[PDB]
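Presented as structure tokens, the chain that follows is alone, the form deposited without Promazine (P2Z).
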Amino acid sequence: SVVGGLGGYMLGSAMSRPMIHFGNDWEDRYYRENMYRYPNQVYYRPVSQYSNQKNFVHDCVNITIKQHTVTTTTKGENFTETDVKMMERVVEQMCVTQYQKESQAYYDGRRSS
């Protein structure tokens, strides 16, 4: 499997580093000690096809995940559960964010006011 997933997606290009403290001690330290492995980018489709967050953030998360979980696992890149369960939010953050910005890109108010 190589990048056979993104249905014609794009990359918003290197953005905010999300970081997540979980309110834990151990999940917090774990995350901070490892957060560089998770990409600083996510693959998304033009919001215009949708107009929602879920329909933009859904398999966007899965696709990018599965890229850094399979397309990179080729170099032995082995994210455990205690990794996936963290990056499940990491990829969500930048997409939630890229979505909000893109939300005025596709719209520009330009269809209402």
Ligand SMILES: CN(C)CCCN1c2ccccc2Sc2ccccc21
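Residue numbers run from 1 along the displayed sequence.
There is another form of the same protein, the form deposited with Promazine (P2Z) bound; it is not shown, and what comes next is about it.
Pocket accessibility when Promazine (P2Z), as posed in the bound PDB entry, is superimposed onto this form, judged at 2.4 Å from backbone or C-beta = Judged against Promazine (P2Z) in the bound PDB entry, the pocket is blocked.
Site check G5, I63 and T71: each within 4.5 Å of Promazine (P2Z) in the bound PDB entry by heavy atom = Each of the three qualifies.
Closest heavy atom of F56 to Promazine (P2Z) in the bound PDB entry, within 4.5 Å or not?
-> No, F56 sits far enough from Promazine (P2Z) in the bound PDB entry that none of its heavy atoms falls within 4.5 Å.
Give a yes/no on whether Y43 approaches Promazine (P2Z) to within 4.5 Å in the bound PDB entry, heavy atoms considered.
-> Output for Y43 is yes: heavy atoms within 4.5 Å of Promazine (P2Z).
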